[PDB]
Amino acid sequence: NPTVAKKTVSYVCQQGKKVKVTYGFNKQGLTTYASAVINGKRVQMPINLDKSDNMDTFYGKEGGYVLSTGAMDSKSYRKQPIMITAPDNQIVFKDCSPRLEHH
Ligand code: NA
């Protein structure tokens, strides 16, 4: 198993939507998957190495839910805004930033 740690981020999205996403991480601090409960079911989206590059990271298969964001690693992951697209190509969580909890 290359996943050795997992970390969770809470987001606030447009249209008052909220989503919590758990990311798996390997020993190098890269990510291995994104997971979120979507319509009361957990959806597991492995990192898509066909689509991901130096600028953009994508999780999920073609035909499924896809999380898209910027560069993701153990340094960056809690600062990156995300979006989640449904299998039918509708954006179901839009313009999601990680929540400020600072006093
Ligand atoms: Na993030």
# chains A, B, ... in the order shown; residues from 1 in each chain; ligands from 1
$ residues_near_ligand --ligand "ligand 1" --cutoff "7 Å" --atoms "only C-alpha atoms and all ligand atoms" --output "NGL selection string"
:A and (9 or 77-82 or 97-98)
$ residues_around --residues "region 46-59 of chain A" --least-positions-apart "6" --cutoff "10 Å" --atoms "only C-alpha atoms" --output "PDB file with N, CA, C and O atoms, in the first residue's frame"
ATOM      1  N   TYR A  23      -7.721  13.023   1.812  1.00  0.00           N
ATOM      2  CA  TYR A  23      -6.672  12.722   0.868  1.00  0.00           C
ATOM      3  C   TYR A  23      -5.709  11.696   1.459  1.00  0.00           C
ATOM      4  O   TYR A  23      -5.367  11.837   2.616  1.00  0.00           O
ATOM      5  N   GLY A  24      -5.413  10.676   0.676  1.00  0.00           N
ATOM      6  CA  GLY A  24      -4.323   9.757   0.985  1.00  0.00           C
ATOM      7  C   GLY A  24      -2.990  10.316   0.482  1.00  0.00           C
ATOM      8  O   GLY A  24      -2.901  11.031  -0.519  1.00  0.00           O
ATOM      9  N   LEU A  30       3.246  12.917  -1.640  1.00  0.00           N
ATOM     10  CA  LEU A  30       2.289  13.126  -2.770  1.00  0.00           C
ATOM     11  C   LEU A  30       0.974  12.465  -2.411  1.00  0.00           C
ATOM     12  O   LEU A  30       0.875  11.600  -1.530  1.00  0.00           O
ATOM     13  N   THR A  31      -0.080  12.850  -3.159  1.00  0.00           N
ATOM     14  CA  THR A  31      -1.361  12.262  -2.847  1.00  0.00           C
ATOM     15  C   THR A  31      -1.668  11.012  -3.676  1.00  0.00           C
ATOM     16  O   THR A  31      -1.114  10.805  -4.762  1.00  0.00           O
ATOM     17  N   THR A  32      -2.504  10.130  -3.111  1.00  0.00           N
ATOM     18  CA  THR A  32      -2.827   8.894  -3.737  1.00  0.00           C
ATOM     19  C   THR A  32      -4.316   8.796  -4.126  1.00  0.00           C
ATOM     20  O   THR A  32      -4.682   8.029  -5.042  1.00  0.00           O
ATOM     21  N   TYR A  33      -5.153   9.549  -3.434  1.00  0.00           N
ATOM     22  CA  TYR A  33      -6.614   9.486  -3.678  1.00  0.00           C
ATOM     23  C   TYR A  33      -7.250  10.657  -2.986  1.00  0.00           C
ATOM     24  O   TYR A  33      -6.653  11.261  -2.107  1.00  0.00           O
ATOM     25  N   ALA A  34      -8.489  10.936  -3.432  1.00  0.00           N
ATOM     26  CA  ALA A  34      -9.443  11.844  -2.728  1.00  0.00           C
ATOM     27  C   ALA A  34     -10.713  11.060  -2.461  1.00  0.00           C
ATOM     28  O   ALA A  34     -11.135  10.278  -3.320  1.00  0.00           O
ATOM     29  N   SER A  35     -11.283  11.264  -1.261  1.00  0.00           N
ATOM     30  CA  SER A  35     -12.505  10.557  -0.890  1.00  0.00           C
ATOM     31  C   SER A  35     -13.459  11.559  -0.245  1.00  0.00           C
ATOM     32  O   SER A  35     -13.070  12.369   0.588  1.00  0.00           O
ATOM     33  N   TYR A  65     -17.147  10.493 -10.722  1.00  0.00           N
ATOM     34  CA  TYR A  65     -16.897  11.758 -10.102  1.00  0.00           C
ATOM     35  C   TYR A  65     -15.415  12.094 -10.259  1.00  0.00           C
ATOM     36  O   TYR A  65     -14.579  11.208 -10.091  1.00  0.00           O
ATOM     37  N   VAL A  66     -15.139  13.363 -10.541  1.00  0.00           N
ATOM     38  CA  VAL A  66     -13.801  13.879 -10.689  1.00  0.00           C
ATOM     39  C   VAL A  66     -13.605  15.111  -9.800  1.00  0.00           C
ATOM     40  O   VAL A  66     -14.372  16.089  -9.892  1.00  0.00           O
ATOM     41  N   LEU A  67     -12.552  15.034  -8.914  1.00  0.00           N
ATOM     42  CA  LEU A  67     -12.107  16.211  -8.181  1.00  0.00           C
ATOM     43  C   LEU A  67     -10.944  16.859  -8.946  1.00  0.00           C
ATOM     44  O   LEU A  67      -9.987  16.117  -9.294  1.00  0.00           O
ATOM     45  N   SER A  68     -11.013  18.165  -9.180  1.00  0.00           N
ATOM     46  CA  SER A  68      -9.895  18.827  -9.852  1.00  0.00           C
ATOM     47  C   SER A  68      -9.430  20.014  -9.002  1.00  0.00           C
ATOM     48  O   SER A  68     -10.176  20.706  -8.331  1.00  0.00           O
ATOM     49  N   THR A  69      -8.102  20.172  -9.009  1.00  0.00           N
ATOM     50  CA  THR A  69      -7.432  21.145  -8.203  1.00  0.00           C
ATOM     51  C   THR A  69      -6.038  21.396  -8.823  1.00  0.00           C
ATOM     52  O   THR A  69      -5.731  20.963  -9.950  1.00  0.00           O
ATOM     53  N   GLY A  70      -5.273  22.240  -8.136  1.00  0.00           N
ATOM     54  CA  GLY A  70      -3.889  22.569  -8.481  1.00  0.00           C
ATOM     55  C   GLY A  70      -2.913  21.482  -8.068  1.00  0.00           C
ATOM     56  O   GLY A  70      -3.257  20.317  -7.926  1.00  0.00           O
ATOM     57  N   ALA A  71      -1.668  21.893  -7.865  1.00  0.00           N
ATOM     58  CA  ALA A  71      -0.616  20.986  -7.447  1.00  0.00           C
ATOM     59  C   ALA A  71      -0.909  20.560  -6.015  1.00  0.00           C
ATOM     60  O   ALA A  71      -1.306  21.393  -5.146  1.00  0.00           O
ATOM     61  N   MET A  72      -0.795  19.253  -5.765  1.00  0.00           N
ATOM     62  CA  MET A  72      -1.166  18.723  -4.427  1.00  0.00           C
ATOM     63  C   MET A  72      -0.019  17.935  -3.832  1.00  0.00           C
ATOM     64  O   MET A  72       0.383  16.933  -4.347  1.00  0.00           O
ATOM     65  N   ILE A  82     -10.784  23.562  -4.754  1.00  0.00           N
ATOM     66  CA  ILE A  82     -11.176  22.370  -5.538  1.00  0.00           C
ATOM     67  C   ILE A  82     -12.537  22.600  -6.227  1.00  0.00           C
ATOM     68  O   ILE A  82     -13.325  23.493  -5.866  1.00  0.00           O
ATOM     69  N   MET A  83     -12.814  21.705  -7.165  1.00  0.00           N
ATOM     70  CA  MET A  83     -14.138  21.518  -7.707  1.00  0.00           C
ATOM     71  C   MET A  83     -14.369  20.013  -7.916  1.00  0.00           C
ATOM     72  O   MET A  83     -13.449  19.235  -8.094  1.00  0.00           O
ATOM     73  N   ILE A  84     -15.642  19.584  -7.762  1.00  0.00           N
ATOM     74  CA  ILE A  84     -16.042  18.214  -8.045  1.00  0.00           C
ATOM     75  C   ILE A  84     -17.114  18.259  -9.148  1.00  0.00           C
ATOM     76  O   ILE A  84     -18.098  19.001  -9.009  1.00  0.00           O
TER      77      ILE A  84
END
$ atom_distance --atom1 "CA of residue 96 (chain A)" --atom2 "CA of residue 2 (chain A)"
27.5 Å
$ residues_around --residues "region 15-19 of chain A" --least-positions-apart "6" --cutoff "9 Å" --atoms "only C-alpha atoms" --output "ChimeraX atom specification"
/A:9,36-38,92-94,96
$ atom_distance --atom1 "CA of residue 100 (chain A)" --atom2 "CA of residue 27 (chain A)"
27.5 Å
$ atom_distance --atom1 "CA of residue 85 (chain A)" --atom2 "CA of residue 64 (chain A)"
8.4 Å
$ closest_residue --among "A:1, A:14, A:76, A:8" --to "residue 95 (chain A)" --atoms "only C-alpha atoms"
A:14
$ select_by_dssp --residues "chain A" --states "strand (DSSP E or B)" --output "PyMOL selection string"
chain A and resi 5-12+18-25+30-38+41-47+57-59+66-69+73+82-85+91-98
$ closest_residue --among "A:22, A:89, A:5, A:28" --to "residue 43 (chain A)" --atoms "only C-alpha atoms"
A:22
